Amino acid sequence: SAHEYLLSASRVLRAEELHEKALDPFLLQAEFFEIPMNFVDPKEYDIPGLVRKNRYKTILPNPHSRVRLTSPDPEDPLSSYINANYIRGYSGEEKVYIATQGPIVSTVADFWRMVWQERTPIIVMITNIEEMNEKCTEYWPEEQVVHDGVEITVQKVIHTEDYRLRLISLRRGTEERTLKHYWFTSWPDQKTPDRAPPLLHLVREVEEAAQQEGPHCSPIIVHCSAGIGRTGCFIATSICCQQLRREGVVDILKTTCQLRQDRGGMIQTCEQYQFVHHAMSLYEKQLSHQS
């Protein structure tokens, strides 16, 4: 009955309701704990054989939206597998994002094969610097590296207060591509409203960069550690910004349900759920300040 709940659950919020809702743990908790996680039944996968590709045995990609790696390799039976899902965006548009776990030593090459296959123009990495080499490895070179005949070069490193932006070139055969890599370093320990502005600013900077891709922007890869918590927060904020700007309302509950349908467990905790409301409440204030 979880599928039907996720299809119909909705809580349209107007501006005044949104500011109050963000500061209402009583209403937020009751709403959040009613949402099914939609975790994949482990029977869908050969759990013992995938231990080197999955960070957590209970966090699996929902088969229907799973990102399949089509590049051939007959020697490796796991070359087609990656713990990643296609995520619908604003107005249910298909493949707007890819939510995936932070690459591990054994999945760095798989991650770059996904980047190439999908023609990904933007990668959003959500961490803290103290979590490095643990919650996420440094899968990019200092200057240049070759993965699966794909030359990966870091052309520029742009340091900002809350993120490091890398301009990356990708080359294989006669093809040459560009990539924007946003390494967000200000994910907070405590999801208080004063910590929401860097997340909203990153969301809006990424949106402006996606606009520059023109129509038919290829999937934006978003990753944290398990690829559901912080990833869910970023993506829900990204979708709800477009909804607030175009419809003058936000439906965080419906957005969270659409995310859960695509990948089980998107937005893991009620603190993360409230954080999205804090970010949306702040965006409404920013919009009112130019109105």
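Sequential numbering from 1, following the sequence displayed.
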| item | value |
| --- | --- |
| Mean C-alpha B-factor comparison - 156-164 and 115-123, higher one | 156-164 |
| Comparing 105-113 with 89-97, the one whose average Cα B-factor in the PDB entry is higher | 105-113 |
| Selection by C-alpha B-factor (highest) of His216, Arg204, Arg195, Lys180 | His216 |
| Largest Cα B-factor, entry values, listed residues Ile82, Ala209, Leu170, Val146 | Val146 |
| Chain third (lowest, middle, highest) by recorded CA B-factor, residue given as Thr58 | highest |
| Among modelled residues of the same chain, the CA temperature factor third for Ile239 | lowest |
| Where the record places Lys21 (Cα B-factor, split into thirds across the chain) | middle |
| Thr70 - which third its CA temperature factor falls in, relative to the rest of the chain | highest |
| Relative C-alpha B-factor of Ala9, binned into the chain's lowest, middle or highest third | highest |
